[PDB]
Amino acid sequence: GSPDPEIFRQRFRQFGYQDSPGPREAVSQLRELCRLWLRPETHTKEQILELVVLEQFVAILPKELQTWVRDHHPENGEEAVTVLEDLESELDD
Amino acid sequence: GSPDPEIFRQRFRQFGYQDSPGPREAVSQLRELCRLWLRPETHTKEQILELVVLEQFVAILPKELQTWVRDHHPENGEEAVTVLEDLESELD
Ligand code: EMC
Ligand code: EMC
Ligand SMILES: [Cl-]
Ligand SMILES: [Mg+2]
């Protein structure tokens, strides 16, 4: 199949300004990388916004929680929260 | 354009995990700050993605160009490029 969304998201964030001959080209390449992650041909506005939120949520998690969440390959913010809440539940019981 | 979207975007990016009492509330607050920046009630899908591209383009500029472009508050990627093209021409 095609690459996992996370490969696309990383390529979008890892593209470097000196990778293209000038700003017009850089902006064109970024657009193309961003479409391949956020997939506007298949996702609604709401689904896109959810992926943008999820990315930032992962970015701000303390390291140990971040690794755990990452390993669960979440596709939205609810999935990310529930895998932390599953630990917390099992500790509170 | 307006100096305000940069405000809401920086608030979305600067929000810290310790500012919420827990993960559910953290993600809830992120959704709201995200919506304040990307304004889905007034922007199309295509317009939202231009704001995501614009943020990454400015993020990859070297330090002074980054400050220069930021201070001109471009509303999209095309506008950011023109800012750099206008500067190039004022320096040559
Ligand atoms: C649904 C996250 Hg702006
Ligand atoms: C505006 C193309 Hg991700
Ligand atoms: Cl919730
Ligand atoms: Mg709680």
Side-chain angles (χ1 to χ4, degrees), chain A residues 9 11-20 22-35 37-63 65-66 68-69 74 76-88, chain B residues 9 11-20 22-63 65-66 69 74 76-88:
Chain A
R9 184 190 72 78
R11 281 175 50 79
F12 173 57
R13 300 300 181 191
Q14 280 170 14
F15 176 86
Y17 194 67
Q18 52 189 11
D19 289 353
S20 71
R24 211 150 287 278
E25 295 91 334
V27 163
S28 160
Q29 183 79 1
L30 283 174
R31 287 200 191 90
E32 167 168 313
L33 304 167
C34 164
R35 291 179 188 107
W37 174 39
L38 293 180
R39 285 150 66 213
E41 71 288 358
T42 74
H43 283 145
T44 64
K45 259 162 60 166
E46 294 300 311
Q47 294 173 308
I48 289 172
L49 298 164
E50 195 71 21
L51 291 177
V52 162
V53 173
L54 178 56
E55 173 188 46
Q56 187 59 20
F57 182 51
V58 175
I60 67 167
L61 279 169
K63 180 72 161 217
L65 311 179
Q66 191 188 71
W68 180 254
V69 174
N76 48 69
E78 180 63 21
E79 188 170 1
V81 169
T82 67
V83 298
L84 299 177
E85 287 176 342
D86 286 351
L87 298 165
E88 174 182 55
Chain B
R9 179 198 75 75
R11 173 67 178 141
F12 176 51
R13 299 301 179 193
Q14 288 187 353
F15 182 83
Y17 191 71
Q18 290 292 58
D19 302 340
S20 276
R24 176 161 302 280
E25 290 86 352
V27 168
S28 181
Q29 182 64 240
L30 286 173
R31 285 200 188 88
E32 280 165 26
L33 300 172
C34 172
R35 294 192 103 88
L36 293 180
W37 170 42
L38 292 174
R39 289 181 294 158
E41 320 73 25
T42 72
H43 292 119
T44 70
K45 214 190 284 186
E46 291 60 44
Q47 281 179 313
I48 289 187
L49 299 162
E50 272 302 296
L51 292 170
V52 165
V53 167
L54 168 62
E55 170 188 53
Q56 186 59 20
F57 176 63
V58 169
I60 69 190
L61 288 175
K63 174 186 176 40
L65 296 176
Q66 190 173 133
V69 171
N76 59 60
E78 299 300 317
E79 280 200 355
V81 168
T82 299
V83 171
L84 290 165
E85 288 175 359
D86 290 347
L87 174 67
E88 192 151 18

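Proteins come first, then strands; the chains are lettered A, B, ... in the order of their sequence lines, and each starts at number 1. Note that these values count all heavy atoms, side chains included, but never hydrogens, waters or copies made by symmetry.
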Practice problem: Show your reasoning for whether side-chain contact (heavy atoms from CB on, under 4.5 Å) applies to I60(B) and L30(A). | Solution: CA-CA 11 Å; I60(B) 69 190; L30(A) 283 174; 3.8 Å; yes
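- Atom-to-atom distance recorded for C34(B):SG and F57(A):CZ is 14.5 Å, nearest 0.5 angstrom.
- Of all the listed residues (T82(A), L49(A), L33(A), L54(A)), the one sharing the greatest number of non-hydrogen pairs under 4.5 Å with chain B is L49(A).
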Quiz item: What do the steps show when you test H43(A) against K45(B) for side-chain contact (heavy atoms from CB on, under 4.5 Å), and what is the final call?
Solution: CA-CA 10 Å; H43(A) 283 145; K45(B) 214 190 284 186; 5.9 Å; no
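- For a residue to count as touching a neighbouring chain, one of its non-hydrogen atoms must lie under 4.5 Å from one of that chain's; by this rule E88(B) does not touch chain A.
- With respect to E46(B) and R35(A), no salt bridge is recorded, no charged nitrogen being found less than 4.0 Å from a carboxylate O.
- For chain B, no part of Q18(A) is nearby; none of its heavy atoms comes within less than 4.5 Å.
- Considering only heavy-atom pairs separated by less than 4.5 Å from chain A, the leading option among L65(B), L38(B), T44(B), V52(B) is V52(B).
- Within the 4.5 angstrom heavy-atom criterion, atoms from both the backbone and the side chain of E78(B) approach chain A.
- Within a 6.0 Å radius of CZ in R11(A), other residues, nucleotides and ligands contribute 12 heavy atoms or fewer.
- Residues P23(B) and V81(A) share a closest heavy-atom pair of O-CG2, 3.7 Å.
- Taking CZ of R31(A) as the start and CD of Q56(B) as the end, the distance is 14.0 Å to the nearest 0.5 Å.
- In terms of heavy-atom pairs under 4.5 Å with chain A, the best-connected choice from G77(B), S28(B), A26(B), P40(B) is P40(B).
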